[PDB]
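Heads up, the chain below is alone and in the form deposited in one PDB entry; it's given as structure tokens.
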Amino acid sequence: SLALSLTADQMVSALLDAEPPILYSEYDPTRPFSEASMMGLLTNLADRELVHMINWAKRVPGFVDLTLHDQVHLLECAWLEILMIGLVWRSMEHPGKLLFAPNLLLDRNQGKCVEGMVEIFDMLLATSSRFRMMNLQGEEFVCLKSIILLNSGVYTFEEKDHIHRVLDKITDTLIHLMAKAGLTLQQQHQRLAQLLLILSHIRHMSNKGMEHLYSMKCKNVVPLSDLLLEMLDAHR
């Protein structure tokens, strides 16, 4: 592999350059919100983001060295976590609001339009407030998102040694960014721990999000895309 040869600054520039774009929703402010329309907006947006996430996954250092089967497995376990951390990242500068798209800004009262969604909304907002509290930086965010891709499905598989080697390099990168920011060694270890413990909450939100997605699928209310259905069946 070549990912093992990149320095910390080269790891950051590779992750920053691979960042997906910010997509717009088909949201029309003239339409009154229904449970079926609001779910349709969010699920349509998520489907289009999934296509960009797949091509973003290829540019994450070390991901192409894996077999095609292992690439599918990691993405199948992590896709909702990656969508959620992306959502809470771009919602950081909007307290009490989730920025699904630049034209789709929603608060917890809007989430009441869809049954069982406010529970997900509150957790997403709490993650966003935590990031804003910690003053999460873009360089740290792209490191955390790459960790999720490589770590979430790694406990459900010699290829694991390569993945753990890449994960260690990302850890070296996180520590390098924190030392560069003037943090003492104690603060570097403490901030590293705080950032990685949030991934436990993100896994929790993904688990609840899957169950919420599965319920809306069985209700046949929201039209789900074929790609999103396959990602949903992978968790069952």
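Only residues modelled in both forms are compared. So that the term is clear: the rigid core is the largest set of C-alpha atoms that superpose within 1.5 Å between two forms. All residue numbers refer to positions in the sequence shown, first residue = 1.
This next part talks about the form deposited in another entry, which is not shown.
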Comparing between the shown form and the other one on the core: of 31, 59, 201, 208, the CA moving 2 angstroms or more sits at 31
Considering a change of 3 Å or more, are the Cα atoms of residue 216 and residue 38 closer or farther in the other form than here? farther
Against the shown form, C-alpha atoms of residue 83 and residue 216 in the other form: closer or farther, for a change of 3 Å or more? farther
Taking the rigid core as reference, consecutive runs of 3 or more residues that move 2 angstroms or more in Cα between the shown form and the other one: 30-33, 215-219
